[PDB]
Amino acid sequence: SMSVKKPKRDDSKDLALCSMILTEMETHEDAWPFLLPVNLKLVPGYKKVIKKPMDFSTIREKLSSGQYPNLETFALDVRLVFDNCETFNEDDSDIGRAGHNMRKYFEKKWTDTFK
């Protein structure tokens, strides 16, 4: 509360570390369904069903232009990519399995870097 704070955490490397995690995500061989925004003109139902589309290129653009105020907002956008994937794809599908793999890959890098 006012004048009552936990010891200050060094957050100066957070931007660089999220950038590194994102690069690792982008170069994973199962990243291909998440690299670019889903084409809303060529994929029927996607625009109506998925209220908040998200992809790795949009996260990269947001990160590089100072649009993430903190760690949690970056993590929420990464998780949104995989939550969207789960909403639109059967678990028993290549993209469905890609999403599960990429979420596990992210969460391990997230805990190891910041916990």
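One-based numbering along the sequence shown. Think of the rigid core as the biggest set of C-alphas that the two forms share within 1.5 Å after superposition.
Check your understanding: Between 6 to 14 and 96 to 104, where do the CA atoms move more in 8 other deposited structures of this protein, taking the root mean square over the structures and residues after a core fit?
Key -> Once the cores are fitted, 6 to 14 deviates more in 8 other deposited structures of this protein.
Practice item. Could you check which stretch, 93 to 101 or 6 to 14, carries the larger mean CA temperature factor in the entry? Key: Result of the comparison: 6 to 14.
Exercise for review: State which stretch shows the higher mean Cα B factor in the entry: 20 to 28 or 103 to 111.
Suggested key: Averaging CA B-factors over each stretch, the winner is 103 to 111.
**Study point:** Cα B factor band for residue 73 (lowest, middle or highest third within the chain)
**Key:** Middle third - that is where residue 73 ends up once the chain's C-alpha B-factors are sorted.
Point to revise | Chain-relative CA temperature factor third for residue 54 | key: Within its chain, residue 54 is a lowest-third residue by C-alpha B-factor, going by the deposited values.
Practice item. Using the B-factors in the PDB entry, rank residue 33's C-alpha atom against the chain and give the third, lowest, middle or highest. Key: Its C-alpha B-factor, which the entry lists for residue 33, ranks in the lowest third among residues of this chain.
Check your understanding: Within this chain, which third does the Cα B-factor at residue 67 fall in: lowest, middle or highest?
Key -> As the PDB entry reports it, the C-alpha B-factor of residue 67 lands in the lowest third of its chain.
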